[PDB]
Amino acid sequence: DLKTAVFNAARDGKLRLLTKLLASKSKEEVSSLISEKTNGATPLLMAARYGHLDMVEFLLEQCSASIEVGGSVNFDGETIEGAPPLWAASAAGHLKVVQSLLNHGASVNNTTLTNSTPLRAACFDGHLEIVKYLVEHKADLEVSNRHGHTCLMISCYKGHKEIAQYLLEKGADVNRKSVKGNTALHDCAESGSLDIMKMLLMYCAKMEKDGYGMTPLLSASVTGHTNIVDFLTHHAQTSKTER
């Protein structure tokens, strides 16, 4: 029951209570209690996921053994397995927690079980400051998830212009193809992100067919993004005005 009481105090950031529950315990005892999993998650992972900074700081100062341990977290109603504290904090948008974990020696490229990096985690809900902090702390831009979907691809798919712009400047590969032949240009077409598509084209992104035989023009047509259909048809027909 003490392990459960410790986990419950850590998950809800009740630092006063946790201090009292660990009051006269040894290093071995505290480390064991703080590194155990409850319902597939460690106290640190939960403190990090819900952004309890003081709680994160306390647990890391007691023991850092669980800093790389991936566990069960929930986002958009779905369970994500093997997510380490840095990924969860990055995905949930807790910048000070991201900074605390990195200051305590967290691995910037340590992924979930599906090979999603903390940088990819921050790009999904568009946490620009976290993206910059991670890139500044040697996050690899080319580590894609198991689908071969990159940080640049997901930023375009979600229409995060500022993040896509930053990734491009930092040297993100515009012509990377996912497992199914998807490129960042297709992500733009599907989200109707005309300004990001223009950026990619400025960084020499090429129009390509994906595994489904779809080019970005066709992806825009089937998703009803007429802004991108108009732009690409005009781009294709402009040289026909030449006598």
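Each residue number is its position in the shown sequence, starting from 1.
Annotation for 177-185 versus 34-42: the higher mean temperature factor (C-alpha) is found in 34-42.
If you average the C-alpha B-factors over 15-23 and over 225-233, the higher value belongs to 15-23. Note on the listed residues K158, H94, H104, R146: the highest Cα temperature factor in the record is that of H104. Comparing C-alpha B-factors across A65, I196, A47, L217 in the deposited entry, the largest value falls on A65. In the deposited entry, the Cα temperature factor of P118 sits in the bottom third of values across the chain's modelled residues. In the deposited entry, the Cα temperature factor of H137 places it in the highest third of its chain's modelled residues.
In the deposited entry, the Cα temperature factor of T79 sits in the top third of values across the chain's modelled residues. Annotation for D54: CA B-factor lies in the highest third of the chain's modelled residues. When the CA B factors of the chain's modelled residues are split into thirds, the value for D210 lands in the middle one.
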